[PDB]
Amino acid sequence: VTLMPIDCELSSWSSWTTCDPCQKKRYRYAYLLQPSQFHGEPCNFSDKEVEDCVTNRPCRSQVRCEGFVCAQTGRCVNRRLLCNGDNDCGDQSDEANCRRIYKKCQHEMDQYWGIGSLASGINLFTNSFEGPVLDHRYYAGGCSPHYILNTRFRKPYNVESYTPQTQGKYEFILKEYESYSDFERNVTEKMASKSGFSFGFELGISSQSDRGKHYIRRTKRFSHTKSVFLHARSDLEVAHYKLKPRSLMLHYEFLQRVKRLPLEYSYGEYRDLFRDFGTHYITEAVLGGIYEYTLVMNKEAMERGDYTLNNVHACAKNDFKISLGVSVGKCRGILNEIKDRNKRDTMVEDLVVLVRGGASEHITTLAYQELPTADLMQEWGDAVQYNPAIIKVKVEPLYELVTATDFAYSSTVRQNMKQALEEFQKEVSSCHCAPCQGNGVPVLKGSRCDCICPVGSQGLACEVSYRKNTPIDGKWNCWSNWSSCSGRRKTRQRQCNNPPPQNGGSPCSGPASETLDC
Amino acid sequence: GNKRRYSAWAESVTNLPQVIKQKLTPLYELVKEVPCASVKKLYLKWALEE
Amino acid sequence: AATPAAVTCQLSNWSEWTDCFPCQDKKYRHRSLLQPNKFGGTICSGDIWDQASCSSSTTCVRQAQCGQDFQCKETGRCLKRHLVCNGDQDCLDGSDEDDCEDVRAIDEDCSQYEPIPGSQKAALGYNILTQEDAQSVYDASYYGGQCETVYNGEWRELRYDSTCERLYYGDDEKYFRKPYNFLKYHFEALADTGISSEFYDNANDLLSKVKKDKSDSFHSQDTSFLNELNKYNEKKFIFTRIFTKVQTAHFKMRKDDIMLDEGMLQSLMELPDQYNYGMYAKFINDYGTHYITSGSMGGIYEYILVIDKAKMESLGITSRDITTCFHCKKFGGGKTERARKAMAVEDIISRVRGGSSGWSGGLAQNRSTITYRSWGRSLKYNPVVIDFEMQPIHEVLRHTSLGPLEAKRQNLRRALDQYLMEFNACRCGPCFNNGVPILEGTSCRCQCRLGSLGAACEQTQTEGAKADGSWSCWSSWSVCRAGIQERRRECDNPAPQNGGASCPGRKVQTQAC
Ligand SMILES: *[C@@H]1O[C@H](CO)[C@@H](O[C@@H]2O[C@H](CO)[C@@H](O)[C@H](O)[C@H]2NC(C)=O)[C@H](O)[C@H]1NC(C)=O
């Protein structure tokens, strides 16, 4: 069989760690040794295990709150943020039982459109949003007037600026190429010969020989090649967002999940943390939308035509007359004719379209195969104001949120996150997968790996295509372990997909080998 | 581009204008109202040079 | 292949009644499905599962499932007490909101925002054997007293005030209340389109003619031979594929403290801690083999068109003719034959998953800027679960607020392992011609693609075409004589009929004793 399903493999357990003095629990975990692929069996969702403990030792109490404590959330909030007219808890505790609530933001104020998306962490290795890490609805007062057009906004406490730095870059490149070549010949041969004798002597003798020969040859060959490349792209930018550098108010959920992290290092918990919330958070971003269109046409026609003819004639007549008469007429011929015609017509077309940001109406109409009307591009860019994608991102790793202001043992947790994150970058890399066929890209998807098959390819491994051969791009295998310290080094065999096969495409990226101080 | 589209854009700019011409002042001239402000202003000058 | 025969659906005898469960006053018993009805034949009227009223002679000693937590009367949902009188009915009983003297016990002023539309399907269980929604696993309507909202980026909706001439967008539905079980519900407008189109057309023609003539006359003899062959071959192949995938949401389900649906909760507590296959089988059949924990919400369109045309024509003729003269005699003979064969086959599949019956039908009929735009508009209102990740139904238990449940969880794992290889579609017989076997309840179908007809898709309007094999069901486990057990399966249900693909997976399976 061509395919062979490969089941998930994951390691034997770690040791149990020692009982966590605060969590009164102990932990155990396993590493994903091999993701399941090609419809292999998926492993049980138990790469983590947990146990309860006796309290072999106490630990530090939860960090002192000098402010008010929000009853349900336990958000430590400043006493100036009570009776404020705003919920600063995610709960009414701040405003609960206030004798008088002094509404500061009396006006009608909108939140910045999509601002709460940016409070989500991202998995940088996936570039995909995760659970909320920051609370962008916490205003902590504020109520400075921020306007966009006539619409006035209330900025989150966390956000330093959200400002409509509008810009747009269009780019159109059309390249059409034609070649034709034609070749013909016409060629002809005819030969005729006669020889006869007729004499009187009494006696009479006569002889006649007839020869005719014709040869004809024709050849025709035609090639027609017609090639079109059309790449169009619109980069639209609508707002600039920056997070404040300092004293961020975290989201409750992230706060608590951090609170539950073990003080002893055990990768499984920080792994689950990243899988919930990801690895990084967005300090600065450019918000807008992308449209990108790319069509490839190759039209190749060839014709070949051949004609061959041979003709031969022979007749001979010899007659002797002296009454006596004898005659023979003897004649023979062969005709040969060949016609041979071969024609091939091949058309290969592919299109890819890609859109981000805006309303679904505009997104899909732009997802049709026709280049858009300027009107619909206007309508799309109008609607991107309200539902933009994130074009540019500048990120900081999530551990930079872990701050003593919020968490006991902040340094320890921070360091654990660094270590865990480093291991996480290894374990979640796509390098681990078996190679796709068909120039497919393996996307690791938790414990199993999916081949994103290109346009014109199908099946679990992209094994189905009508194209006989197409360039296969090279893919790195996983980088080696760290070389033992006398200097530090890694290597990549560029092997996992071989770059050369099937008119092999690009070689892999550099570097093939990476070296460092220990 | 169409006369309408250019016209309408040139209208909209009045409400979402960008900075297009500027005369700059060095950022250290703003180091102010902080402890050791006078010293930090020199160290920020040097850091801008760096 | 001639039609296979019907078989009657067949069930084993009843298992014995379970002892009458003290809290439920119910006896239970199960049959096992020894044979579905397969290719027609008598369906079972018997169900696989049966339950009967029975007084237990013993009290519900366990009824005290919860202490300090507030437990609803109707249902074992135990709530953290801040939720009592919190203003939101946190169980179907509503008792947590009953007799609440303290109106200021309400948690927050959230209710103006309605729940995310379409959030309910993310709650429902999934049955991988039938690809059908189950009952709810998650409580889709539970907020835990929290007021997490979600910015609906498509909130814009034109309104015209005739009295003003103002043309404006109505603010309504600018946000949705996120249900507690959703960790995230990222509105994110994406589209990706991919098209390929490949045309291969080849035509070849040959002619070959021989004449061979001899005449010799004084008595007259004259012999002529002709051989001529003409042979035409044409093959025309068109394949085009369009995949346009639109996304509007990414949603993820919390891995912690999953608030099970009330019905699921009850049904779960009713399960015995001892293994009883019938009970857990019923549970899986109700809530599905699998529950979902990752989502995108989207519309999808796919268009596939394949046309093959081939024409082959041949003529052959020979003659030999001969003559003897001076009385005169003439003879001749030879072989001539003529044939033409031609065929064309064409099919299209156009399918849309997305937000309106009218426009999704229209776009299934007719691809255009008009149907793409109007279907995209319709996706504003009725997006669909376009992709999801899932886990076995038993893994929720680890993640529930309840605790270990590990007896139940292991029982459910065993039951699943069985159920997946009892109600498996493989046990419906060979669907020929790439028909899909389906086992619903106790009964089988073959779903036939349009070329095929009949109970097994067996008869075909044309006489033979490439159709793929499929696996038989796994045999029983061997005895494990060593510490290892074996299981065997063959790519013969059906065999690849005309050299279609051999089915890809393992022929042989092996297992720890
Ligand atoms: C080979 O001979 C054919 C037949 O004469 C040529 O094609 C003809 O060309 C004349 C003049 O251009 C036209 O008036 C005829 O209509 C053509 N007939 C056909 C059947 O094509 C052909 O051009 C010649 N090719 C070469 C290379 O000499």
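So, here is what we can say about the structure in this document.

Definitions and cut-offs
As presented, residues are numbered from 1 along each chain according to the written sequence, a scheme that may differ from that of the entry, and residues lacking coordinates are left out. Chains and ligands are labelled by the order in which they are written, letters from A for the one and numbers from 1 for the other. This view holds some of the chains of a larger assembly, and the values cover only those chains. Only heavy atoms go into the side-chain values, all of them from the structure, while hydrogens and water stay out. Residues with missing side-chain atoms are left out of burial classes, side-chain pairs and their counts. The contact definition used throughout considers only heavy atoms, calling two residues in contact when any of these lie within 4.5 Å. Here's the idea: put two parts together, see how much 1.4 Å probe accessible area each one loses, and the total over both is what we call buried area. A carboxyl oxygen of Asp or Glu within 4 Å of a side-chain nitrogen of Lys or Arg is what we treat as a salt bridge. Whenever two N or O atoms come within 3.5 Å, that pair is a polar contact, provided that in protein one can donate a hydrogen and the other can accept it, and provided that, for residues adjacent in sequence, both atoms are side-chain atoms. Disulfide: a pair of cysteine sulfur atoms within 2.5 Å of each other. By the criteria applied, helices consist of DSSP H or I runs no shorter than four residues and strands consist of E runs no shorter than two, each listed in order from the N terminus. Residues enter a nonpolar core if they are buried and are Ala, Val, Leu, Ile, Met, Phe, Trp, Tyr or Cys, with the set joined through side-chain atoms within 4.5 Å. Accessible area is worked out with a 1.4 Å probe on protein chains only. A residue is then buried under 20% of its type maximum, exposed over 50%, and partly exposed in between. Being near a molecule or strand, for a residue, means having at least one of its heavy atoms within 4 Å of it. Method for areas: the Shrake-Rupley scheme with a 1.4 Å probe, in which residue coverage is limited to the protein chains shown. As a working rule, the residues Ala, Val, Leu, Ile, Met, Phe, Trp, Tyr, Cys and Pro are called nonpolar, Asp, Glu, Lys and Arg charged, and the rest polar, with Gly in that last group.

On the chain A side, the residues contacting the 4 residues of chain B number 8 residues. Interface area for chain B against chain A, summed over the two sides, is near 500 Å², with a carbon-plus-sulfur share of 51%. It is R5, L16 and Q18 of chain B that lose the most area in chain B upon contact with chain A, and together they represent 92% of the buried surface on that side. The salt bridge involving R5 of chain B is made with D375 of chain A; its shortest N-O contact spans 2.5 Å. Counting across the chain B and chain A interface gives 2 residue pairs in polar contact.

Attention shifts here to the state of the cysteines. Residues and elements named next belong to chain A. Counted by the stated rule, this structure contains 27 disulfides over all chains. Two residues share a disulfide in this structure: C485 and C518, whose sulfurs sit 2.0 Å from each other. Here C485 and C518 share a disulfide; its torsion about the S-S bond, 95°, makes the bridge right-handed. Linking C485 in the loop between β18 (449-452) and β19 (488-491) with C518 in the segment after β20 (513-516), this pair joins segments that are 33 residues apart in sequence. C496 takes part in no disulfide bond, and the closest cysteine sulfur to it belongs to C478, at a distance of 7.1 Å.

What follows is about the nonpolar core. Among the nonpolar cores identified, the biggest contains 77 residues, and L134, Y162, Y241 and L401 of chain A are the most heavily contacted of them. Not counting residues within four places of it along the chain, the set of residues in contact with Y241 of chain A comprises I115, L118, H136, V159, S161, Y162, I282, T283, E284, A285 and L287 of chain A. Grouped together as the second largest cluster of nonpolar side chains are 49 residues, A140, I258, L416 and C428 of chain C included.

Let's shift gears to the site of the ligand. Residue and element names in this part refer to chain A. In the neighbourhood of the ligand, the contacting residues comprise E184, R185 and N186. Between an oxygen atom of the ligand and a side-chain N or O atom of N186, the distance comes to 2.3 Å. Burial of the ligand by the surrounding chains reaches 23%, relative to a free accessible area of 590 Å².

With that out of the way, let us pick up the interface of chain A and chain C. Counting residues at the interface gives 84 residues for chain A, matched by 79 residues for chain C. Together chain A and chain C conceal approximately 7000 Å² of surface at their shared face, both sides included; 47% is due to carbon and sulfur atoms. The three residues of chain A that bury the most area against chain C are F45, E361 and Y466 of chain A, which together make up 10% of that side's buried surface. Our count for the contact surface shared by chain A and chain C stands at 14 salt bridges. The closest approach of N and O atoms between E389 of chain C and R448 of chain A, which form a salt bridge, is 3.0 Å. One can count 40 residue pairs in polar contact joining chain A with chain C. Listed by contribution, the elements that provide at least two residues to the side of chain A that touches chain C are β8 (128-132), α3 (267-277), β15 (325-356), α4 (360-367) and α5 (374-384) of chain A. When residues of the side of chain A that touches chain C are assigned to their parent elements, the largest contribution, 30 residues, is made by β15 of chain A. For the side of chain A that touches chain C, the class distribution of residues is 29 nonpolar, 27 polar and 28 charged.

By themselves, these are just geometric observations and shouldn't be taken as functional.
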